[PDB]
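In structure tokens, the next block holds one chain alone, the form deposited in one PDB entry.
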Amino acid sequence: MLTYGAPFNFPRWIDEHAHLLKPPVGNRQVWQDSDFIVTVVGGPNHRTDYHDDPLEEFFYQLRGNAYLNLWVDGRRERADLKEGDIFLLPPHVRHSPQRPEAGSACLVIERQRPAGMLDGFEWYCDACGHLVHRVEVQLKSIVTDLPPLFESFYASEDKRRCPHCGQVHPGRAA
């Protein structure tokens, strides 16, 4: 059977879910309990965490523009997602997506992670660039598994303290 339902018009779906593609929610997963995790992410949203995904991430910036702050070869780099761009991110490339525009929409496709394959979330020192804190998580549900992780970092000067230079990371906004 068609477990995931029939085909349906994507622009219409995006328009119908526009109220969820903005703060405070910001994103909406298309199908539940599927192997391919298909999400539409809107904006505005800025963030300071880097994601270490053990599998690939596919991006197709449908409306508006965004960018990914990356670590590439030990250096801070930026990959721009201009409207119309597609991009495939290799496993483990650290990325912090920034989505400054309201009304923007990006198709992001990932795979469910197998048991034992963990995701990392990391923060780096604005002053010296050293890793400040890393949490590894078995990501089963984004909604329940992820926000408390972020909240616990923001609430803790210990977690936010750079082990190299001692500077306390700002937390939620940089």
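Heads up, when I say rigid core I mean the largest set of C-alphas that superpose within 1.5 Å between the two forms. Note that residue numbering begins at 1 and tracks the sequence as displayed.
Keep in mind that the form deposited in another entry is missing from the display, and what follows is about it.
Novice: Superposing the core, which one of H164, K159, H17, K22 shows a C-alpha shift reaching 2 Å or more between the shown form and the other one?
Specialist: Of all the options, the C-alpha that shifts by at least 2 Å belongs to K22.
Novice: So with the core overlaid, does the Cα of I142 end up 2 Å or more away between the shown form and the other one?
Specialist: Yes, the C-alpha position differs by at least 2 Å between the shown form and the other one.
Novice: Pin down for me whether the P24-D49 Cα distance shrinks or grows in the other entry relative to this form (closer or farther, change of 3 Å or more).
Specialist: Their C-alpha distance shrinks by at least 3 Å in the other entry.
Novice: I want to verify one pair: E16 and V25. Are their C-alpha atoms nearer or more distant in the other entry compared with the form I supplied, knowing the change is 3 Å or more?
Specialist: Relative to this form, farther apart in the other entry.
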